[PDB]
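**Student:** Sending over upload_0.txt (compact mmCIF, N, CA and C atoms).
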```
# COMPACT_ATOMS: atom_id res chain seq x y z
N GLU A 1 -12.01 0.08 6.80
CA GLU A 1 -11.38 1.09 5.91
C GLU A 1 -12.30 1.43 4.74
N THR A 2 -12.29 2.69 4.33
CA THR A 2 -13.12 3.14 3.21
C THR A 2 -12.37 2.97 1.89
N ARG A 3 -13.03 3.35 0.80
CA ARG A 3 -12.44 3.24 -0.53
C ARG A 3 -11.14 4.03 -0.61
N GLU A 4 -11.13 5.21 0.01
CA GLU A 4 -9.95 6.07 0.01
C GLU A 4 -8.83 5.46 0.85
N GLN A 5 -9.12 5.22 2.13
CA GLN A 5 -8.14 4.64 3.04
C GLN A 5 -7.61 3.31 2.51
N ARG A 6 -8.52 2.48 2.00
CA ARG A 6 -8.14 1.18 1.46
C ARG A 6 -7.17 1.35 0.30
N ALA A 7 -7.60 2.12 -0.71
CA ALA A 7 -6.77 2.37 -1.88
C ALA A 7 -5.36 2.80 -1.48
N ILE A 8 -5.27 3.96 -0.83
CA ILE A 8 -3.99 4.48 -0.39
C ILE A 8 -3.18 3.40 0.32
N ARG A 9 -3.88 2.49 0.98
CA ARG A 9 -3.24 1.39 1.68
C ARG A 9 -2.56 0.46 0.68
N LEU A 10 -3.25 0.22 -0.43
CA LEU A 10 -2.74 -0.63 -1.49
C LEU A 10 -1.47 -0.03 -2.08
N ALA A 11 -1.53 1.26 -2.39
CA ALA A 11 -0.40 1.97 -2.96
C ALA A 11 0.79 1.98 -2.00
N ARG A 12 0.50 2.20 -0.72
CA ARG A 12 1.53 2.24 0.30
C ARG A 12 2.17 0.87 0.49
N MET A 13 1.34 -0.14 0.73
CA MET A 13 1.82 -1.50 0.92
C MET A 13 2.59 -2.00 -0.30
N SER A 14 2.01 -1.78 -1.48
CA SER A 14 2.64 -2.20 -2.73
C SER A 14 3.91 -1.41 -2.99
N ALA A 15 3.86 -0.11 -2.76
CA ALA A 15 5.01 0.76 -2.96
C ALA A 15 6.16 0.36 -2.05
N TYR A 16 5.88 0.28 -0.75
CA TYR A 16 6.88 -0.10 0.23
C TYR A 16 7.45 -1.48 -0.08
N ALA A 17 6.57 -2.43 -0.36
CA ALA A 17 6.98 -3.79 -0.68
C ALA A 17 7.88 -3.81 -1.91
N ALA A 18 7.50 -3.05 -2.92
CA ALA A 18 8.27 -2.97 -4.15
C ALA A 18 9.67 -2.43 -3.88
N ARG A 19 9.77 -1.52 -2.91
CA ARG A 19 11.04 -0.93 -2.54
C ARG A 19 11.94 -1.96 -1.87
N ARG A 20 11.41 -2.63 -0.85
CA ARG A 20 12.16 -3.64 -0.12
C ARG A 20 12.25 -4.94 -0.90
N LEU A 21 11.47 -5.05 -1.98
CA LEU A 21 11.48 -6.25 -2.80
C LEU A 21 11.19 -5.90 -4.26
N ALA A 22 12.01 -5.03 -4.83
CA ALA A 22 11.84 -4.61 -6.22
C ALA A 22 11.92 -5.81 -7.16
N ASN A 23 12.87 -6.70 -6.91
CA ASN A 23 13.05 -7.89 -7.73
C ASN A 23 12.61 -9.14 -6.98
```
Reformat the file's structure so that it appears as structure tokens.
**Tutor:**
Amino acid sequence: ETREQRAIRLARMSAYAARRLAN
């Protein structure tokens, strides 16, 4: 994965995780 794909991956994984595990 490149800097772009990787980054967006971080936001997606973190975002999704935060949703299913906000607290």
**Student:** What does the distance between atom C of residue 3 of chain A and atom CA of residue 21 of chain A come to in Å, to one decimal place?
**Tutor:**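 That distance, rounded to one decimal, is 24.9 Å.
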**Student:** If you run DSSP on this backbone, which residues of chain A come out as helix (DSSP H, G or I), and could you give them as JSON, numbers by chain?
**Tutor:** {"A": [3, 4, 5, 6, 7, 8, 9, 10, 11, 12, 13, 14, 15, 16, 17, 18, 19, 20]}
**Student:** When you draw a straight line from atom CA of residue 19 of chain A to atom CA of residue 4 of chain A, how long is it in Å?
**Tutor:**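 Atom-to-atom, atom CA of residue 19 of chain A to atom CA of residue 4 of chain A, that is 22.3 Å.
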**Student:** Could you tell me how far atom C of residue 2 of chain A sits from atom C of residue 22 of chain A, in Å to one decimal place?
**Tutor:** 27.4 Å
**Student:** As AutoDock Vina command-line options, what would the box around segment 1-17 of chain A look like: edges along x, y and z, 8 Å added on every side, centre and edge lengths in Å to one decimal?
**Tutor:**
```
--center_x -2.6 --center_y 1.1 --center_z 1.9 --size_x 37.0 --size_y 25.9 --size_z 25.8
```
**Student:** Could you write segment 6-20 of chain A as a PDB file, keeping the file's coordinate frame, with N, CA, C and O atoms rebuilt where they are missing?
**Tutor:**
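Written file, selection.pdb:
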```
ATOM      1  N   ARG A   6      -8.520   2.480   2.000  1.00  0.00           N
ATOM      2  CA  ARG A   6      -8.140   1.180   1.460  1.00  0.00           C
ATOM      3  C   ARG A   6      -7.170   1.350   0.300  1.00  0.00           C
ATOM      4  O   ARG A   6      -6.067   0.810   0.308  1.00  0.00           O
ATOM      5  N   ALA A   7      -7.600   2.120  -0.710  1.00  0.00           N
ATOM      6  CA  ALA A   7      -6.770   2.370  -1.880  1.00  0.00           C
ATOM      7  C   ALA A   7      -5.360   2.800  -1.480  1.00  0.00           C
ATOM      8  O   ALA A   7      -4.387   2.104  -1.758  1.00  0.00           O
ATOM      9  N   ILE A   8      -5.270   3.960  -0.830  1.00  0.00           N
ATOM     10  CA  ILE A   8      -3.990   4.480  -0.390  1.00  0.00           C
ATOM     11  C   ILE A   8      -3.180   3.400   0.320  1.00  0.00           C
ATOM     12  O   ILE A   8      -1.947   3.382   0.249  1.00  0.00           O
ATOM     13  N   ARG A   9      -3.880   2.490   0.980  1.00  0.00           N
ATOM     14  CA  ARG A   9      -3.240   1.390   1.680  1.00  0.00           C
ATOM     15  C   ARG A   9      -2.560   0.460   0.680  1.00  0.00           C
ATOM     16  O   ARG A   9      -1.444  -0.005   0.895  1.00  0.00           O
ATOM     17  N   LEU A  10      -3.250   0.220  -0.430  1.00  0.00           N
ATOM     18  CA  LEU A  10      -2.740  -0.630  -1.490  1.00  0.00           C
ATOM     19  C   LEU A  10      -1.470  -0.030  -2.080  1.00  0.00           C
ATOM     20  O   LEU A  10      -0.469  -0.720  -2.259  1.00  0.00           O
ATOM     21  N   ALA A  11      -1.530   1.260  -2.390  1.00  0.00           N
ATOM     22  CA  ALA A  11      -0.400   1.970  -2.960  1.00  0.00           C
ATOM     23  C   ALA A  11       0.790   1.980  -2.000  1.00  0.00           C
ATOM     24  O   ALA A  11       1.933   1.801  -2.405  1.00  0.00           O
ATOM     25  N   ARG A  12       0.500   2.200  -0.720  1.00  0.00           N
ATOM     26  CA  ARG A  12       1.530   2.240   0.300  1.00  0.00           C
ATOM     27  C   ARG A  12       2.170   0.870   0.490  1.00  0.00           C
ATOM     28  O   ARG A  12       3.393   0.724   0.420  1.00  0.00           O
ATOM     29  N   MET A  13       1.340  -0.140   0.730  1.00  0.00           N
ATOM     30  CA  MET A  13       1.820  -1.500   0.920  1.00  0.00           C
ATOM     31  C   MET A  13       2.590  -2.000  -0.300  1.00  0.00           C
ATOM     32  O   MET A  13       3.673  -2.560  -0.184  1.00  0.00           O
ATOM     33  N   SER A  14       2.010  -1.780  -1.480  1.00  0.00           N
ATOM     34  CA  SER A  14       2.640  -2.200  -2.730  1.00  0.00           C
ATOM     35  C   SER A  14       3.910  -1.410  -2.990  1.00  0.00           C
ATOM     36  O   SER A  14       4.934  -1.977  -3.384  1.00  0.00           O
ATOM     37  N   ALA A  15       3.860  -0.110  -2.760  1.00  0.00           N
ATOM     38  CA  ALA A  15       5.010   0.760  -2.960  1.00  0.00           C
ATOM     39  C   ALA A  15       6.160   0.360  -2.050  1.00  0.00           C
ATOM     40  O   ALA A  15       7.280   0.125  -2.507  1.00  0.00           O
ATOM     41  N   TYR A  16       5.880   0.280  -0.750  1.00  0.00           N
ATOM     42  CA  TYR A  16       6.880  -0.100   0.230  1.00  0.00           C
ATOM     43  C   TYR A  16       7.450  -1.480  -0.080  1.00  0.00           C
ATOM     44  O   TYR A  16       8.668  -1.678  -0.078  1.00  0.00           O
ATOM     45  N   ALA A  17       6.570  -2.430  -0.360  1.00  0.00           N
ATOM     46  CA  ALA A  17       6.980  -3.790  -0.680  1.00  0.00           C
ATOM     47  C   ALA A  17       7.880  -3.810  -1.910  1.00  0.00           C
ATOM     48  O   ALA A  17       8.903  -4.497  -1.934  1.00  0.00           O
ATOM     49  N   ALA A  18       7.500  -3.050  -2.920  1.00  0.00           N
ATOM     50  CA  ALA A  18       8.270  -2.970  -4.150  1.00  0.00           C
ATOM     51  C   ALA A  18       9.670  -2.430  -3.880  1.00  0.00           C
ATOM     52  O   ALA A  18      10.640  -2.829  -4.522  1.00  0.00           O
ATOM     53  N   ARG A  19       9.770  -1.520  -2.910  1.00  0.00           N
ATOM     54  CA  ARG A  19      11.040  -0.930  -2.540  1.00  0.00           C
ATOM     55  C   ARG A  19      11.940  -1.960  -1.870  1.00  0.00           C
ATOM     56  O   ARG A  19      13.096  -2.151  -2.261  1.00  0.00           O
ATOM     57  N   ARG A  20      11.410  -2.630  -0.850  1.00  0.00           N
ATOM     58  CA  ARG A  20      12.160  -3.640  -0.120  1.00  0.00           C
ATOM     59  C   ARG A  20      12.250  -4.940  -0.900  1.00  0.00           C
ATOM     60  O   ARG A  20      13.014  -5.842  -0.542  1.00  0.00           O
TER      61      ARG A  20
END
```
